[PDB]
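Note: the block below is coords-v1.cif and it holds mmCIF, C-alpha atoms.
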```
data_final
#
loop_
_atom_site.label_atom_id
_atom_site.label_comp_id
_atom_site.auth_asym_id
_atom_site.auth_seq_id
_atom_site.Cartn_x
_atom_site.Cartn_y
_atom_site.Cartn_z
CA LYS F 535 0.00 0.00 0.00
CA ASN F 536 0.87 3.70 -0.23
CA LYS F 537 2.80 3.14 -3.46
CA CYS F 538 2.07 3.28 -7.19
CA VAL F 539 1.67 -0.42 -8.01
CA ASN F 540 -0.22 -2.43 -10.63
CA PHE F 541 -3.18 -4.09 -8.91
CA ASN F 542 -5.02 -7.23 -10.05
CA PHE F 543 -7.96 -7.81 -7.69
CA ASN F 544 -10.38 -10.50 -8.93
CA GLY F 545 -9.71 -9.75 -12.59
CA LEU F 546 -9.68 -5.95 -12.14
CA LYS F 547 -6.42 -4.83 -13.75
CA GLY F 548 -5.01 -1.32 -13.61
CA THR F 549 -2.49 1.05 -12.07
CA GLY F 550 -3.11 3.06 -8.92
CA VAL F 551 -2.12 3.77 -5.33
CA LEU F 552 -3.61 1.75 -2.47
CA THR F 553 -4.21 3.78 0.70
CA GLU F 554 -5.84 3.24 4.08
CA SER F 555 -9.63 3.45 3.86
CA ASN F 556 -11.74 5.56 6.21
CA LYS F 557 -15.17 4.89 4.65
CA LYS F 558 -17.54 2.26 6.04
CA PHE F 559 -18.97 -0.14 3.46
CA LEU F 560 -22.16 -2.11 3.99
CA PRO F 561 -21.72 -5.87 4.52
CA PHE F 562 -23.36 -6.75 1.17
CA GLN F 563 -21.31 -4.32 -0.95
CA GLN F 564 -17.97 -5.24 -2.52
CA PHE F 565 -17.07 -2.41 -4.93
CA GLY F 566 -17.14 1.38 -4.82
CA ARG F 567 -17.38 3.06 -8.22
CA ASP F 568 -17.05 6.78 -8.89
CA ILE F 569 -18.65 8.79 -11.70
CA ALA F 570 -18.16 7.47 -15.26
CA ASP F 571 -17.22 3.90 -14.31
CA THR F 572 -14.29 5.07 -12.16
CA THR F 573 -13.32 2.36 -9.67
CA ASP F 574 -12.54 4.41 -6.56
CA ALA F 575 -12.52 1.69 -3.88
CA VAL F 576 -12.24 -2.09 -3.63
CA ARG F 577 -12.19 -4.75 -0.92
CA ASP F 578 -9.52 -7.40 -0.48
CA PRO F 579 -10.83 -10.89 -1.39
CA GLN F 580 -8.42 -12.40 1.18
CA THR F 581 -8.70 -10.29 4.35
CA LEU F 582 -11.90 -8.32 3.55
CA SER J 968 -20.39 4.74 -22.57
CA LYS J 969 -19.83 1.56 -24.56
CA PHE J 970 -19.58 3.40 -27.92
CA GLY J 971 -20.90 0.29 -29.66
CA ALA J 972 -18.42 -2.09 -28.02
CA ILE J 973 -19.09 -4.86 -25.51
CA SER J 974 -17.50 -2.98 -22.59
CA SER J 975 -16.72 0.60 -21.62
CA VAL J 976 -13.35 0.01 -19.92
CA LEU J 977 -10.55 -1.07 -22.27
CA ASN J 978 -8.41 -2.63 -19.52
CA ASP J 979 -10.65 -5.70 -19.44
CA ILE J 980 -11.08 -5.55 -23.23
CA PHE J 981 -7.33 -6.13 -23.54
CA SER J 982 -7.58 -8.85 -20.86
CA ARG J 983 -10.52 -10.93 -22.16
CA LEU J 984 -10.11 -10.69 -25.95
CA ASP J 985 -7.07 -11.63 -28.00
CA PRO J 986 -5.01 -8.80 -29.55
CA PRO J 987 -6.10 -9.75 -33.11
CA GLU J 988 -9.75 -9.37 -32.06
CA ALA J 989 -9.71 -6.57 -29.46
CA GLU J 990 -8.24 -4.10 -31.98
CA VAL J 991 -11.67 -3.45 -33.53
CA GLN J 992 -13.22 -2.52 -30.18
CA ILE J 993 -10.17 -0.45 -29.20
CA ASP J 994 -10.30 1.51 -32.47
CA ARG J 995 -14.05 1.99 -32.03
CA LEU J 996 -13.54 3.43 -28.54
CA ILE J 997 -10.66 5.61 -29.75
CA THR J 998 -12.76 6.99 -32.61
CA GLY J 999 -15.70 7.69 -30.31
CA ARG J 1000 -13.57 9.44 -27.70
CA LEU J 1001 -11.74 11.44 -30.38
CA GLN J 1002 -15.07 12.58 -31.84
CA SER J 1003 -16.32 13.53 -28.37
CA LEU J 1004 -13.12 15.47 -27.63
CA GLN J 1005 -13.27 17.24 -31.00
CA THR J 1006 -16.90 18.25 -30.40
CA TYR J 1007 -15.88 19.54 -26.96
CA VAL J 1008 -13.02 21.53 -28.50
CA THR J 1009 -15.33 23.01 -31.16
CA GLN J 1010 -17.85 24.05 -28.49
CA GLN J 1011 -15.03 25.55 -26.41
CA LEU J 1012 -13.79 27.47 -29.47
CA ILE J 1013 -17.27 28.88 -30.09
CA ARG J 1014 -17.52 29.82 -26.41
CA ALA J 1015 -14.08 31.45 -26.57
CA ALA J 1016 -15.12 33.47 -29.63
CA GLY E 199 -32.12 -17.54 -12.90
CA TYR E 200 -31.27 -16.13 -9.45
CA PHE E 201 -33.87 -15.58 -6.75
CA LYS E 202 -33.25 -12.42 -4.72
CA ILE E 203 -34.47 -11.91 -1.14
CA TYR E 204 -34.36 -8.27 -0.03
CA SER E 205 -35.54 -7.22 3.43
CA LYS E 206 -35.19 -4.42 5.97
CA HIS E 207 -36.49 -4.07 9.53
CA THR E 208 -37.70 -0.71 10.86
CA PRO E 209 -39.48 -0.13 14.18
CA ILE E 210 -42.88 1.55 14.16
CA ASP E 215 -50.73 1.72 7.69
CA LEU E 216 -47.38 2.49 6.09
CA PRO E 217 -45.93 5.81 7.32
CA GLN E 218 -44.79 8.62 5.05
CA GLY E 219 -41.13 8.00 5.89
CA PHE E 220 -38.46 6.78 3.49
CA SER E 221 -36.41 3.61 3.93
CA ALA E 222 -34.38 1.52 1.50
CA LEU E 223 -34.29 -2.28 1.27
CA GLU E 224 -30.92 -3.88 1.91
CA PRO E 225 -29.91 -7.19 0.30
CA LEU E 226 -29.76 -10.12 2.72
CA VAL E 227 -29.24 -13.31 0.67
CA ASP E 228 -28.82 -13.89 -3.08
CA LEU E 229 -29.92 -17.39 -4.06
CA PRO E 230 -28.07 -18.38 -7.27
CA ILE E 231 -30.88 -20.72 -8.39
CA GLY E 232 -34.29 -19.75 -9.77
CA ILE E 233 -37.36 -21.77 -10.74
CA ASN E 234 -40.64 -21.15 -12.58
CA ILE E 235 -42.77 -19.24 -10.05
CA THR E 236 -46.35 -18.21 -10.81
CA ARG E 237 -48.09 -18.29 -7.41
CA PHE E 238 -47.09 -17.82 -3.78
CA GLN E 239 -48.64 -18.29 -0.35
CA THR E 240 -47.89 -17.12 3.18
CA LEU E 241 -47.95 -19.08 6.44
CA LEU E 242 -49.29 -18.25 9.91
CA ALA E 243 -48.33 -19.33 13.43
CA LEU E 244 -51.58 -18.81 15.34
CA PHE P 342 -17.21 -32.92 -19.58
CA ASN P 343 -16.58 -36.68 -19.94
CA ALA P 344 -19.91 -37.92 -18.56
CA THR P 345 -21.26 -41.31 -19.59
CA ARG P 346 -24.72 -40.17 -20.73
CA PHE P 347 -25.64 -36.80 -22.24
CA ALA P 348 -29.11 -35.34 -22.72
CA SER P 349 -30.62 -34.39 -26.07
CA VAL P 350 -31.46 -30.88 -27.29
CA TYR P 351 -34.64 -30.99 -25.17
CA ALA P 352 -34.47 -31.00 -21.35
CA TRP P 353 -30.72 -30.44 -21.37
CA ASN P 354 -28.69 -30.70 -18.18
CA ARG P 355 -27.41 -27.70 -16.22
CA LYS P 356 -24.95 -27.89 -13.32
CA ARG P 357 -24.16 -25.16 -10.80
CA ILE P 358 -20.40 -24.62 -10.40
CA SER P 359 -19.28 -22.46 -7.48
CA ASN P 360 -16.70 -22.31 -4.67
CA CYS P 361 -13.93 -24.21 -6.44
CA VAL P 362 -10.93 -23.69 -8.75
CA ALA P 363 -11.49 -24.07 -12.49
CA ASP P 364 -8.69 -25.13 -14.83
CA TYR P 365 -9.47 -24.82 -18.54
CA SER P 366 -5.96 -25.95 -19.54
CA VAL P 367 -7.02 -29.61 -19.61
CA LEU P 368 -9.91 -28.84 -21.98
CA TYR P 369 -8.01 -27.68 -25.07
CA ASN P 370 -5.19 -30.14 -24.31
CA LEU P 371 -7.40 -33.07 -25.38
CA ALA P 372 -6.98 -34.29 -28.95
CA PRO P 373 -10.51 -35.11 -30.25
CA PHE P 374 -11.79 -31.60 -29.40
CA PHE P 375 -12.10 -30.20 -32.92
CA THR P 376 -14.13 -26.99 -32.58
CA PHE P 377 -13.36 -24.51 -29.77
CA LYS P 378 -15.31 -21.29 -30.35
CA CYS P 379 -15.89 -18.43 -27.92
CA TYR P 380 -17.84 -15.16 -28.03
CA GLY P 381 -16.10 -12.13 -26.56
CA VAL P 382 -13.58 -14.29 -24.66
CA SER P 383 -10.25 -15.74 -25.75
CA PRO P 384 -9.17 -19.34 -25.07
CA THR P 385 -5.72 -18.25 -23.88
CA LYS P 386 -7.08 -15.61 -21.47
CA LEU P 387 -9.28 -18.14 -19.63
CA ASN P 388 -6.65 -18.73 -16.93
CA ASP P 389 -6.45 -15.17 -15.55
CA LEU Q 727 -20.05 41.34 -19.04
CA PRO Q 728 -17.81 38.25 -18.90
CA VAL Q 729 -14.26 38.70 -20.16
CA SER Q 730 -12.55 35.46 -19.11
CA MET Q 731 -13.25 31.76 -18.65
CA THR Q 732 -11.63 28.74 -17.00
CA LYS Q 733 -8.51 27.62 -18.88
CA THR Q 734 -8.85 23.84 -19.25
CA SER Q 735 -6.12 21.48 -20.46
CA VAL Q 736 -7.12 17.94 -21.48
CA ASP Q 737 -4.54 15.16 -21.68
CA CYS Q 738 -4.78 12.62 -24.49
CA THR Q 739 -3.31 9.53 -22.82
CA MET Q 740 -5.11 9.88 -19.48
CA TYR Q 741 -8.47 10.50 -21.18
CA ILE Q 742 -8.51 8.21 -24.23
CA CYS Q 743 -6.24 5.46 -22.86
CA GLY Q 744 -6.11 6.16 -19.12
CA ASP Q 745 -3.60 3.80 -17.50
CA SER Q 746 -3.32 1.30 -20.38
CA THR Q 747 0.10 0.83 -21.98
CA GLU Q 748 -1.03 -1.11 -25.06
CA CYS Q 749 -3.45 1.72 -25.91
CA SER Q 750 -0.73 4.39 -26.10
CA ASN Q 751 0.97 2.48 -28.92
CA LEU Q 752 -2.17 2.76 -31.08
CA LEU Q 753 -2.73 6.52 -30.72
CA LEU Q 754 0.56 7.14 -32.56
CA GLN Q 755 -0.93 5.65 -35.74
CA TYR Q 756 -3.80 8.17 -35.94
CA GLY Q 757 -1.56 11.18 -36.58
CA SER Q 758 -1.45 14.49 -34.71
CA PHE Q 759 -4.98 14.92 -33.36
CA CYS Q 760 -3.65 15.50 -29.83
CA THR Q 761 -1.23 18.08 -31.26
CA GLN Q 762 -4.24 19.96 -32.62
CA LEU Q 763 -6.20 19.69 -29.36
CA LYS Q 764 -3.32 20.84 -27.14
CA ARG Q 765 -2.54 23.72 -29.51
CA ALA Q 766 -6.19 24.83 -29.53
CA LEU Q 767 -6.35 24.67 -25.73
CA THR Q 768 -3.13 26.68 -25.43
CA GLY Q 769 -4.50 29.22 -27.90
CA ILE Q 770 -7.70 29.57 -25.87
CA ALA Q 771 -5.66 29.94 -22.67
CA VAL Q 772 -3.54 32.71 -24.24
CA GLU Q 773 -6.65 34.35 -25.70
CA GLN Q 774 -8.36 34.60 -22.31
CA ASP Q 775 -5.27 36.21 -20.78
#
```
Would you mind writing the file's structure down as structure tokens?
Amino acid sequence: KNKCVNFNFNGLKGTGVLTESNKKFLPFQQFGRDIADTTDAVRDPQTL
Amino acid sequence: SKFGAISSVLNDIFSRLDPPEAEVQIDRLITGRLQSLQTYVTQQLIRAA
Amino acid sequence: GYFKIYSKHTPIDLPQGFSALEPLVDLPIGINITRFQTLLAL
Amino acid sequence: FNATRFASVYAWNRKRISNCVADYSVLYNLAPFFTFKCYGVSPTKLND
Amino acid sequence: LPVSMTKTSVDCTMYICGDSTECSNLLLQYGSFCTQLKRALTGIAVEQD
């Protein structure tokens, strides 16, 4: 985390920085998408 | 927007389809985004005038 | 082909308030449903 | 894939596959598989 | 009476391709569209000033 690294989370490929989250997601949600299909947040499939 | 393709994000287009096949969708997306950007630039030029 | 069960509990006819339904369980199998019936515990 | 009996075009079988690890490398490795067609997906990119 | 606007600069790679590396190799075959867009945006920015 906290470094520009290529991420591959459950088929989602791209380049971005992973930082510590402060937002609370609901237990049924798994992805947070911004405007115009912008993937802003994601959960870890290993440690949730 | 899909711009006539099967997906809107090209990162999975390059990951699911082979390079010989994904080129059509990539060129379609590039043409659509270039047309959108050119329309935006024309509107901005009219606004600037 | 997937039966969805959405529910939400709110303490209290139906009031004029607003409340969304949160997903609880997503059954990945679906069948041909035409009728339904409830059950009581009198 | 190698079942003993297969259904006809009417009342065809359907199995639910979940919570496991798929490996499509054994499929195209078999010799008598003549036709291998896909729509929107590539055979090589089935492992990622 | 308005006299000025917001000077906006649009990048070609981050908009059309985003973070894809295989996409940047295909924009070079289309010519100098981005050269026209950046020049028009710079002209608008100088015109507002």
Interface, chain E side, toward chain F (12 Å; only C-alpha atoms) as a PDB file with C-alpha atoms, keeping the file's coordinate frame:
```
ATOM      1  CA  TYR E 204     -34.360  -8.270  -0.030  1.00  0.00           C
ATOM      2  CA  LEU E 223     -34.290  -2.280   1.270  1.00  0.00           C
ATOM      3  CA  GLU E 224     -30.920  -3.880   1.910  1.00  0.00           C
ATOM      4  CA  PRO E 225     -29.910  -7.190   0.300  1.00  0.00           C
ATOM      5  CA  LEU E 226     -29.760 -10.120   2.720  1.00  0.00           C
ATOM      6  CA  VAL E 227     -29.240 -13.310   0.670  1.00  0.00           C
ATOM      7  CA  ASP E 228     -28.820 -13.890  -3.080  1.00  0.00           C
TER       8      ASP E 228
END
```
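Within 6 Å of chain P, chain J contributes the residues residues 983, 984 and 985 of chain J, using all atoms listed in the file.
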Given the PyMOL selection byres ((chain F) within 12 of (chain Q)) and the file above, list the residues it selects as a PyMOL selection string. chain F and resi 538-541+547-550+570+572
Exercise answer, chain J residues close to chain F, 12 Å and only C-alpha atoms, as a PDB file with C-alpha atoms, in the frame of the given file:
```pdb
ATOM      1  CA  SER J 968     -20.390   4.740 -22.570  1.00  0.00           C
ATOM      2  CA  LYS J 969     -19.830   1.560 -24.560  1.00  0.00           C
ATOM      3  CA  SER J 974     -17.500  -2.980 -22.590  1.00  0.00           C
ATOM      4  CA  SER J 975     -16.720   0.600 -21.620  1.00  0.00           C
ATOM      5  CA  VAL J 976     -13.350   0.010 -19.920  1.00  0.00           C
ATOM      6  CA  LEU J 977     -10.550  -1.070 -22.270  1.00  0.00           C
ATOM      7  CA  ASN J 978      -8.410  -2.630 -19.520  1.00  0.00           C
ATOM      8  CA  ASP J 979     -10.650  -5.700 -19.440  1.00  0.00           C
ATOM      9  CA  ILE J 980     -11.080  -5.550 -23.230  1.00  0.00           C
ATOM     10  CA  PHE J 981      -7.330  -6.130 -23.540  1.00  0.00           C
ATOM     11  CA  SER J 982      -7.580  -8.850 -20.860  1.00  0.00           C
ATOM     12  CA  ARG J 983     -10.520 -10.930 -22.160  1.00  0.00           C
TER      13      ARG J 983
END
```
Mind telling me what the PyMOL selection byres ((chain Q and resi 762-774) around 6) catches here, as JSON, numbers by chain? {"Q": [730, 733, 759, 760, 761, 775]}
Nearest candidate to chain E (options P:350, P:344, P:363, P:358; using all atoms listed in the file): P:358
Excluding residue 972 in chain J and its own-chain neighbours fewer than 4 positions away, which residues fall within 8 Å of it when counting all atoms listed in the file? Please give them as a list in words. residues 992, 995 and 996 of chain J
Could you give me range 201-216 of chain E completed to N, CA, C and O atoms, formatted as an mmCIF file, keeping the file's coordinate frame?
```
data_model
loop_
_atom_site.group_PDB
_atom_site.id
_atom_site.type_symbol
_atom_site.label_atom_id
_atom_site.label_comp_id
_atom_site.auth_asym_id
_atom_site.auth_seq_id
_atom_site.Cartn_x
_atom_site.Cartn_y
_atom_site.Cartn_z
ATOM 1 N N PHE E 201 -32.828 -16.129 -7.600
ATOM 2 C CA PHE E 201 -33.870 -15.580 -6.750
ATOM 3 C C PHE E 201 -33.258 -14.664 -5.698
ATOM 4 O O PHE E 201 -32.330 -15.056 -4.984
ATOM 5 N N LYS E 202 -33.776 -13.443 -5.609
ATOM 6 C CA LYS E 202 -33.250 -12.420 -4.720
ATOM 7 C C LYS E 202 -34.215 -12.197 -3.565
ATOM 8 O O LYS E 202 -35.428 -12.092 -3.779
ATOM 9 N N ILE E 203 -33.679 -12.123 -2.349
ATOM 10 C CA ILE E 203 -34.470 -11.910 -1.140
ATOM 11 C C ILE E 203 -33.952 -10.635 -0.492
ATOM 12 O O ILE E 203 -32.875 -10.627 0.116
ATOM 13 N N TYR E 204 -34.713 -9.552 -0.617
ATOM 14 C CA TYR E 204 -34.360 -8.270 -0.030
ATOM 15 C C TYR E 204 -35.308 -7.960 1.126
ATOM 16 O O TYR E 204 -36.526 -8.135 1.008
ATOM 17 N N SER E 205 -34.744 -7.500 2.241
ATOM 18 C CA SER E 205 -35.540 -7.220 3.430
ATOM 19 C C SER E 205 -34.874 -6.121 4.242
ATOM 20 O O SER E 205 -33.674 -5.861 4.114
ATOM 21 N N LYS E 206 -35.678 -5.474 5.084
ATOM 22 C CA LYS E 206 -35.190 -4.420 5.970
ATOM 23 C C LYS E 206 -36.182 -4.261 7.110
ATOM 24 O O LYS E 206 -37.393 -4.195 6.876
ATOM 25 N N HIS E 207 -35.670 -4.198 8.336
ATOM 26 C CA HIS E 207 -36.490 -4.070 9.530
ATOM 27 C C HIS E 207 -36.428 -2.640 10.044
ATOM 28 O O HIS E 207 -35.341 -2.064 10.156
ATOM 29 N N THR E 208 -37.595 -2.071 10.355
ATOM 30 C CA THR E 208 -37.700 -0.710 10.860
ATOM 31 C C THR E 208 -38.773 -0.685 11.937
ATOM 32 O O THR E 208 -39.903 -1.144 11.690
ATOM 33 N N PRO E 209 -38.469 -0.172 13.127
ATOM 34 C CA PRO E 209 -39.480 -0.130 14.180
ATOM 35 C C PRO E 209 -40.542 0.926 13.899
ATOM 36 O O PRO E 209 -40.279 1.960 13.279
ATOM 37 N N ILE E 210 -41.755 0.647 14.362
ATOM 38 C CA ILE E 210 -42.880 1.550 14.160
ATOM 39 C C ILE E 210 -43.753 1.594 15.410
ATOM 40 O O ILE E 210 -43.266 1.420 16.527
ATOM 41 N N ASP E 215 -51.262 2.119 8.990
ATOM 42 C CA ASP E 215 -50.730 1.720 7.690
ATOM 43 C C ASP E 215 -49.259 2.089 7.561
ATOM 44 O O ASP E 215 -48.576 2.317 8.559
ATOM 45 N N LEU E 216 -48.773 2.144 6.323
ATOM 46 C CA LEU E 216 -47.380 2.490 6.090
ATOM 47 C C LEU E 216 -47.168 3.992 6.287
ATOM 48 O O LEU E 216 -47.902 4.805 5.719
#
```
